[PDB]
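[1] Just the starting chains for now, same placement as in the complex:
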Amino acid sequence: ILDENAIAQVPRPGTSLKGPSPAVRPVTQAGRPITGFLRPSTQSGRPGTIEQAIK
Amino acid sequence: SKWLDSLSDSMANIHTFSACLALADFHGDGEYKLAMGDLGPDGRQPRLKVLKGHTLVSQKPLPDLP
Amino acid sequence: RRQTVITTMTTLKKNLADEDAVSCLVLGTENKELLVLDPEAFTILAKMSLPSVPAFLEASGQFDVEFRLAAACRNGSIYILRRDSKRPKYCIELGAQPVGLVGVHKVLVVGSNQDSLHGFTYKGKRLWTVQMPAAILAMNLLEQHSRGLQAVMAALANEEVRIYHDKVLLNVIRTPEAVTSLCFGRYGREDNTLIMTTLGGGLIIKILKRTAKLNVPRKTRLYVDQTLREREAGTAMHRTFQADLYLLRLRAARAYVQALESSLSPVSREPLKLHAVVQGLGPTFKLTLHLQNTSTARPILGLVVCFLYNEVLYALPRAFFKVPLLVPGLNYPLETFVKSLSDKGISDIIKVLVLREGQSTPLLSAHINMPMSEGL
Amino acid sequence: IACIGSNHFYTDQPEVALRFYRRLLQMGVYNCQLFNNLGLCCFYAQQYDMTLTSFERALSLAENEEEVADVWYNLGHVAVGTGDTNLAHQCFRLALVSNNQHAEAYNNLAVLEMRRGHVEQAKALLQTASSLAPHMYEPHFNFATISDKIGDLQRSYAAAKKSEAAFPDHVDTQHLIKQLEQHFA
């Protein structure tokens, strides 16, 4: 949240990081359905605010 | 594309409805001005604005909302 | 005093139906009246009664010959008032309150609050209907006398003006911010200007140019080889699956009896449910217990909550506390403040027993893996 | 192999996912996740002779309380498929016993409850689920459906809206939202 380093703010859909539908493939968050491999760097989303992250 | 945008202003305050937005040459000499009786931001300052071309020239204060 | 208000105005011609002639006024009031006045507003010429408060007005025809006064009211209907009406005598339903109206030569148009356009005739019969991909904000009467095209300018909430006319596909224009008021007319010197006022203030001016099969999956060789091995040896598979299922029922009954025995289930007369949430990342956590009585109608009076924790790692002020009268159907969040006492990062479990006062066997239990301290 | 295997399992090809996970098992991987995945791909590829032993191996290898809960959750799915709602009930309840914050176990247990007839139990369980995982469209949709079934169109709408927030292209949620908006007007 508090570290901003991306230049754009509304980049074109397809040029930034920010399949089976949720009726088939389970999901961890709203988007980014469950993966097959956990690396210690997977994000599967971003929490919006600080309140959204602590809660 | 079938329209020529003469003015697309983004940060001037104009809050009127199509009923209180009438156009005429209220002065004569065959050149049309645009009268708009608007309430302003909310029901505080209703002021008849007259537009001639691209920029405002006069806002007459009104007693209540038009 | 009794204070009245005028809510809509519209004018109507006198004799020749041109712009060089004079135009008689029409007005609607909050007090249920509609006033047709002399074109200069110095004498009341026609008072009219309305079955409901008006919201929009429109008028067609000539005063002496015949005038048609379409008053779209707030009560979810329109009324066409004609000559010599002791009662307006003409009502038309739409099903909701209209966001505007437009009068083309013969047919009349009404925009429904439910995001559609409905073309009626002055008689009272619905002719055609069309849906809009967004909410209709406002409409007006477009015109172009050098062409003869007279359509509707419908402002939408998706930042667009859109309609399907009889034959040609016109009124298709985008905009940065949703437009709330429209006026097509001769502005300055040109005859085809279009002024618009959007939501967040602003101002838009557009000049119109005179030059106007199924996805059935694919089955590879693995599928056929395995249906072959099942066609040859289906009995072994069936027997071994039945054996494994008997063993599975045995093990599940075993684990379920153990959980009943140790009261480890947070859901299991005495209808209750409990889960716990830990909020916070520091040496202090808000442990909130959501406790709910899940029954048709009966409260649960005598309950208490105990916390079983490591008295070295965690400091709970109130471990034991009573539970209010659990009204059936309501979630009670009961907070507590856990504090990590370990000077290093050391986590541990915390159990929560919900149990009656008199008895001594936990009605149910919850477990919380307290997260790492991340403190000092 | 794990990524292509999961993808194959979820796009109506459990046999190919089974091939991939069997390859992971041949190369000497020995986990709880691997064996849960193998039991799932077996049950859904219709290899009924290798499913439940893989699930028991997974339960043996599980080294957490979330892994045990996931394996009991999947065993409950195998039970639901086999056609026994009592074993399924016990398996979802054991998934809850092992991990109290398991929104999917709550949702499925509430579905089975509502099948039995216990509407209040089901409503409370679906509320707990949709409070634990708000991103999951299934408890929202279920709560909205069984609220609209009993009236209560306020909560039905409040739940259909969060359903559509979680999975927007869901068709049944659109039909329910349109019905409720018609009722509101």
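    Yep, that arrived. Numbers count the residues shown, from 1 in each chain, chains lettered A, B, ... in the order given.
[2] In contact with the one residue in the stretch 51-200 of chain C that gets nearest to chain A: list those residues for me.
    Nearest to chain A, among the residues of the stretch 51-200 of chain C, is residue C:176, at 13.3 Å (Cβ to the nearest Cβ). (Each C-beta comes from the backbone N, C-alpha and C, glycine too.) Neighbouring residues of residue C:176 by Cβ atoms under 8 Å, 6 or more residues apart in numbering or on different chains: B:8, B:10, C:159, C:198.
[3] How about residue D:35?
    D:54, D:55, D:57, D:58, D:61.
[4] likewise residue D:107?
    D:125, D:126, D:129, D:136, D:138, D:139, D:142.
[5] Excluding chain neighbours, give the residue nearest to the last one in space.
    Yep, that's residue D:142 we're talking about. Of all residues not flanking residue D:142 in the chain, residue D:126 sits nearest, at 5.2 Å (Cβ to Cβ, 6 or more residues apart in numbering or on different chains).
[6] Can you tell me the element the one you found falls in?
    Residue D:126 is located in helix D:119-132, with elements delineated by DSSP states H and E.
[7] Quick check: what element follows that helix along the chain?
    Past helix D:119-132, the next helix or strand by DSSP H and E is helix D:137-148.
[8] returning to that earlier point: compile the contacts of residue D:35 into CSV and extend it with columns for secondary structure and distance to chain B.
    Formatted as CSV, these follow (DSSP: H, G, I helix; E, B strand; the rest coil; distance: Cβ to the nearest Cβ, whole Å):
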residue, secondary structure, distance to chain B
D:54, helix, 62
D:55, helix, 62
D:57, helix, 65
D:58, helix, 60
D:61, helix, 62
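[9] can you pick the most crowded of those?
    Highest neighbour count within the contacts of residue D:35: residue D:58, with 26 neighbours (other Cβ atoms under 10 Å in any protein chain shown).
[10] then add chain E to what we have above:
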Amino acid sequence: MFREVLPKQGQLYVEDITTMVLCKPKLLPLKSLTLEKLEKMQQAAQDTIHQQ
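    Okay, chain E now, added to the rest:
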């Protein structure tokens, strides 16, 4: 002898009556080697603390 004759028509839905949705079976993701080693190290630290 006689083989067993079977029905051929099958069962068809005539209406899509709404039902209750179950969550779907979950394929557990496989942990990487680095993630496994980090978990191993933190668990070992917790353990070597617990023994005192």
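[11] now that chain E has been added, could you go back to the contacts of residue D:107?
    D:125, D:126, D:129, D:136, D:138, D:139, D:142, E:21, E:22, E:23 are the contacts of residue D:107 under Cβ under 8 Å, 6+ apart.
[12] center of chain A - which residue?
    residue A:45 (1.7 Å; Cα atoms, centre = their mean).
[13] Name the helix or strand for the closest residue to that residue other than its chain neighbours, please.
    Nearest in space to residue A:45, with sequence neighbours left out and distances taken as Cβ to Cβ, 6+ apart, is residue A:29 at 4.0 Å. Residue A:29 belongs to no helix or strand when assigned by DSSP H and E.
[14] just residue C:354 next, same as before
    Assigned by DSSP H and E, residue C:354 falls in strand C:349-355.
[15] is the helix or strand following that strand up against chain D anywhere?
    Next along the chain after strand C:349-355, taking DSSP H and E as the criterion, comes strand C:364-369. Yes: using Cβ under 8 Å from any Cβ of the partner chain, we find that strand C:364-369 touches chain D at C:366, C:367, C:368, C:369.
[16] List the residues that contact the residue of chain B found nearest chain A.
    Of all residues in chain B, residue B:10 sits closest to chain A, at 16.3 Å by Cβ to the nearest Cβ. Each residue near residue B:10 by Cβ under 8 Å, 6+ apart is listed here: C:176, C:177, C:202.
[17] measure the first one to chain E for me?
    Counting by Cβ to the nearest Cβ, to the nearest Å, the separation of residue C:176 from chain E is 40 Å.
[18] Please, which helix or strand holds that residue?
    Per DSSP H and E, there is no helix or strand for residue C:176.
[19] Run a quick neighbour tally on the residue of chain A found nearest chain B.
    The nearest approach of chain A to chain B comes at residue A:10, 16.3 Å away (Cβ to the nearest Cβ). Residues lying near residue A:10 (other Cβ under 10 Å) number 6.
[20] helix, strand or coil for residue E:4?
    Following DSSP: H, G, I helix; E, B strand; the rest coil, the label given to residue E:4 is coil.
[21] build in chain F:
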Amino acid sequence: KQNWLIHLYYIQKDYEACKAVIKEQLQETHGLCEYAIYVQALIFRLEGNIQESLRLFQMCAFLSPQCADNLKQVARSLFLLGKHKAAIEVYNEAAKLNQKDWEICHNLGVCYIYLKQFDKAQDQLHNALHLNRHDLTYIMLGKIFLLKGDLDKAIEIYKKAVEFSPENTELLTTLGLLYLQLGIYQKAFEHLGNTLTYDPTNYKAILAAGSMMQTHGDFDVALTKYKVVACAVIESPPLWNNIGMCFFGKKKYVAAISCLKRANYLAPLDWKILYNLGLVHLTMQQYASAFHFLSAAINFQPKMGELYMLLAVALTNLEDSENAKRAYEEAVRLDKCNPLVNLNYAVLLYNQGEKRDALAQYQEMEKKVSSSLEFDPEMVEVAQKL
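    Adding chain F to the chains above:
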């Protein structure tokens, strides 16, 4: 009393300036407006907050205690919650104040239907008809009839309904489905095709029409009609079950069970898809999956004879014949109007060398006669043998 601003901020889906003007107009008049609280309540209702539209419309009723509309709105906000008894007892006083509005009658009918009071609901909707008839009255009346008794009044009331306002799709499709559940078939196709003319790609009518076409052979036309909507609803268990049965009709068993497994992954608790999976695996001679899906569907639908017959057909080919016996015993005790169960049990007994009660099964079968092209030859061959 300048409320036109609040009105236009409401009707414009603004709902944020409208509340500010509500605050200003309650700061100018201190209430007593009867149209600011009304519109604030309608804001809260069209936003979905009815626990506050309730109190606001109740204030409106407090301001104009002789007005049918305020009591109407309070009882509507009561009905839009779960509370129907209170809604009825507020509609009662709203009717006391005026018995000329149809909405009171219709909503009373609905609320009575919720409390299983079908007699008074029928009477209230009768009066709702006789005052100013609307389609919803017909639909709710049909609901009463269908949940209460037989269809020999529902088809008549729905016919009366569709008679006028026939371009309505809901009435047409409901009448088509009622004919289908009834004996008639040609009229069902007539009305559903009418729906398809008015609405080209609606799910309900397309699904029902595809079911009809499937039952009368015609697998390709039904498959195309499914393709019409197979993208509007990409994940629906009924569509994929019907498509799997379409393919199973035209001997495409692999694609049939692919469609049926895709449907069953989306509805693990439905017995029709499981019956179909079991039947097709009996046809492909799997006998280790057929038994699985048939036993699952038996668990989900225990009062069916065809399911036990097919479980027994699967068990007979699994080297397990005593369970086949007892399954056939359940099947013959449960089944009444399908002699194929008796024929299969007779074939099992004959091939078991029994041949004495095989004649009992043959007699039970002939007491039930219905001719499939293969159900006759094996029947007569067992006959001449006994």
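[22] Repeat for the contacts of residue D:107, accounting for chain F.
    D:125, D:126, D:129, D:136, D:138, D:139, D:142, E:21, E:22, E:23.
[23] you'd agree the first one is up against residue C:271?
    No: the pair residue D:125 / residue C:271 is not scored as a contact, 11.7 Å apart, by Cβ atoms under 8 Å.
[24] If we ignore the residues flanking it in sequence, what's nearest the residue in chain F that chain C sits nearest to?
    Residue of chain F nearest chain C, by Cβ to the nearest Cβ: residue F:288 (3.6 Å). Leaving aside its chain neighbours, residue F:288 sits nearest to residue C:234 (3.6 Å; criterion: Cβ to Cβ, 6+ apart).
[25] Quick check: that neighbour vs residue F:62, distance?
    Distance check for residue C:234 against residue F:62: by Cβ to Cβ, to the nearest Å, it reads 75 Å.
[26] more crowded one of the two?
    residue C:234 (25 against 12).
[27] dump the residue contacts of that one.
    Residue C:234 neighbours (Cβ under 8 Å, 6+ apart): F:286, F:287, F:288, F:289, F:317, F:318.
[28] Which two among those are spaced furthest apart?
    F:289 and F:317 (12.3 Å; Cβ to Cβ).
[29] Tell me, how many residues neighbour residue C:215?
    11.
[30] wait, residue F:200
    11.
[31] helix/strand/coil for it?
    Residue F:200 ends up coil, using three-state DSSP.
[32] returning to that earlier point: helices or strands next to the strand holding residue C:354 in the packing?
    Applying 3 or more Cβ pairs under 8 Å, 6 or more residues apart in numbering or on different chains; DSSP states H and E, we find strand C:349-355 packed against strand C:272-279, strand C:284-293, strand C:304-308, strand C:364-369.
[33] got the angle for the third one vs strand C:349-355?
    Our comparison of strand C:304-308 with strand C:349-355, counting by axes from the mean of the first three to the mean of the last three Cα atoms, to 10 degrees, yields an angle of 160 degrees.
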